[PDB]
Amino acid sequence: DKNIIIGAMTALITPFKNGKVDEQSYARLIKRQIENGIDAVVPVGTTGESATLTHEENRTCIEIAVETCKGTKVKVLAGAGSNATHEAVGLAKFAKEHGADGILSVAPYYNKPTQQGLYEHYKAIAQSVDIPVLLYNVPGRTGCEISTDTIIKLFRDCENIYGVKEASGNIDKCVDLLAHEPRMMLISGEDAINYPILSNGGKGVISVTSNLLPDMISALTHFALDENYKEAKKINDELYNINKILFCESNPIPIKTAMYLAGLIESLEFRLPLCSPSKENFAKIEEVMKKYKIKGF
Amino acid sequence: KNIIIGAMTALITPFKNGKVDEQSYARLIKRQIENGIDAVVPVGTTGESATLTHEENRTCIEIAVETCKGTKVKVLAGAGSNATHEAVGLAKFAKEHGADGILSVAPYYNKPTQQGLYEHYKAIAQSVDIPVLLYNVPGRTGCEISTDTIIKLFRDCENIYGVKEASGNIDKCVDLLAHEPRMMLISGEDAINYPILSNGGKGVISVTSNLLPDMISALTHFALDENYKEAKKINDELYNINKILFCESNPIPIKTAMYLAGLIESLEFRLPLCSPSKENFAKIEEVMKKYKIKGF
Ligand SMILES: [Mg+2]
Ligand SMILES: [Mg+2]
Ligand SMILES: [Mg+2]
Ligand SMILES: [Mg+2]
Ligand SMILES: [Mg+2]
């Protein structure tokens with residue numbers, strides 16, 4: 001029916017060098033994701049520090065992702081959202097112009113639209129492009145919730161809206177969504193509960209942990225999609241300690257720390273207001289990493 | 001320190017035919033000045049900062065500065081961002097265009113750590129020489145500026161003189177002023193204006209004052225003179241309107257009330273904000289009839 005983008009996906013960190021996007025590191029990281037079974041990559045989402053990138057840096061990250069996935073089956077689901085509808089429409093059109101296969105569009109943050117407003121927000125975005133649109137609910141960061149009813153109405157009313165990324169630690173809501181609209185693509189945005197979401201019929205993940213451990217997240221998701229739930233849970237359980245420690249400080253502070261500790265990025269750099277973890281949490285991230293096998297390039 | 005305190009208004013931004021109604025905007029500010037308000041906050045949360053262009057942000061601050069000249073009324077410009085580089089540029093822009101100080105909201109959405117918030121605000125304060133009021137509203141931003149961070153920033157940065165609190169947490173208000181009694185605690189929560197003032201807060205940055213500027217100004221002034229019996233009377237009388245103004249997300253109710261009072265021409269928002277439900281529209285209309293609303 002609808003065009004979809006599902007499976008194992010990575011919310012890419014954006015590496016910085018001397019305060020600039022390391023464009024070589026970025027392309028190299030994406031290649032490493034492709035080679036470890038990932039099905040799609042998400043440039044400039046939350047994990048990519050979308051908030052602190054200039055518009056040209058946003059274009060650059062998206063274009064590099066498109067260019068690096070050419071010749072592969074891996075799709076580019078571009079972070080393209082904003083708490084201003086006029087801007088979100090513009091960011092959607094631009095992501096499409098630069099070759100993105102679809103867009104991930106975060107619910108408006110800070111200004112707390114009502115459900116009616118969220119509906120009109122996403123309807124305007126979806127009308128402005130002809131590529132798939134994945135809603136993105138993360139109430140702990142936005143201060144609002146796209147309700148089940150709103151999500152289901154948007155899925156049914158707008159042809160290119162095909163599912164939602166849930167980062168709301170609410171398995172009840174995941175049941176609610178797929179019990180009333182089994183045709184939508186529920187996507188886990190919370191690594192520690194990837195398996196519970198997939199086993200209730202979710203069709204993919206947009207992962208933080210896959211930045212560090214893409215082969216494990218790929219295998220988990222693919223097992224689950226193959227209905228080999230036993231093997232998916234085994235990996236989900238193994239990943240629990242790292243899944244949780246990657247949120248000991250606000251994402252992406254721990255994941256960038258882990259990537260640096262693993263030698264996968266050259267510098268532990270953020271853009272303010274993000275900064276390096278405390279010494280104690282730095283030490284905890286390094287401790288948890290010890291029992292995982294981290295792929296190189 | 002240099003401070004901006006007293007009774008202050010988070011100005012709504014009126015729209016007409018999709019554009020900032022610039023004449024309405026100046027007229028609304030004049031009405032605030034004429035009803036005892038001590039400062040105006042253009043382009044904060046209540047003014048829908050998130051959906052204004054950089055040019056409209058500029059126009060709004062410039063109209064505020066120009067309308068307040070030759071009066072005591074100060075311009076405490078909304079100027080914050082979840083990107084530190086952009087918050088610094090917004091702070092510089094506000095100063096260079098004549099604002100008396102800035103209100104800078106805690107970074108929303110990307111949830112910086114307390115170290116991150118310290119460095120964020122330290123960067124902003126070092127960029128201008130005008131007063132900076134922090135703004136804590138965890139229900140909208142997803143983060144909380146802790147008491148220790150607020151106190152550290154106040155003691156380490158000359159321009160930082162207090163915090164607008166919109167967190168429903170009177171324990172924290174006590175914590176702040178018991179450990180750092182020199183800061184200016186500013187109520188960002190109309191319903192508890194008097195409790196914050198009576199614990200030593202020195203002003204309000206009000207939503208309700210858009211509609212009832214004389215009442216909020218009296219409340220504040222009674223309280224600052226330690227006429228607490230009178231300030232509590234107004235706070236109690238205002239509770240019903242203070243609460244109904246958040247039956248939907250601010251500023252959807254206050255704009256609806258201003259429109260119903262004939263104070264703005266059109267009930268227009270920028271998406272993702274929009275008109276209230278029919279029921280909430282009716283409820284706003286009913287609560288307003290208990291209050292005397294000053295015209296122009
Ligand atoms: Mg963003
Ligand atoms: Mg914006
Ligand atoms: Mg007196
Ligand atoms: Mg007395
Ligand atoms: Mg009352």
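Letters A, B, ... are given to chains in the order of the sequence lines, protein chains preceding strands, and every chain is numbered from 1.
When the heavy atoms of residues 106-113 of chain B are compared with those of chain A, the residues falling under 4.5 Å are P107(B), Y108(B), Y109(B), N110(B), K111(B), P112(B), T113(B), listed by number.
Residue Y259(B) places its OH atom among 12 or fewer non-hydrogen atoms of other residues, nucleotides or ligands, all under 6.0 Å distant. In the displayed structure, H85(B) atom NE2 is contacted under 6.0 Å by at most 12 heavy atoms of other residues, nucleotides or ligands. Within a 6.0 Å sphere centred on CZ of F246(B), other residues, nucleotides and ligands contribute more than 12 heavy atoms.
Note that CZ of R271(A) and CD of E86(B) are 12.5 Å apart. Values are rounded to the nearest 0.5 Å. To the nearest 0.5 angstrom, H121(A) atom NE2 is 12.0 Å from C274(B) atom SG.
Between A50(B) and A84(A), the closest heavy-atom pair is O-CB, 3.5 Å.
Heavy atoms of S82(A) lying under 4.5 Å from chain B are absent altogether. Contact annotation for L53(A): neither backbone nor side-chain heavy atoms come within less than 4.5 Å of a heavy atom of chain B.
Annotation: maximal heavy-atom pairing with chain A below 4.5 Å, among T53(B), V105(B), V137(B), occurs at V105(B). Comparing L274(A), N83(A), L118(A) by heavy-atom pairs within less than 4.5 Å of chain B, the highest count is held by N83(A). Your options are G143(A), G117(A), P273(A), and the one with the most heavy-atom pairs under 4.5 Å with chain B is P273(A).
Side-chain contact check for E119(B) versus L272(A): some heavy-atom pair is nearer than 4.5 Å.
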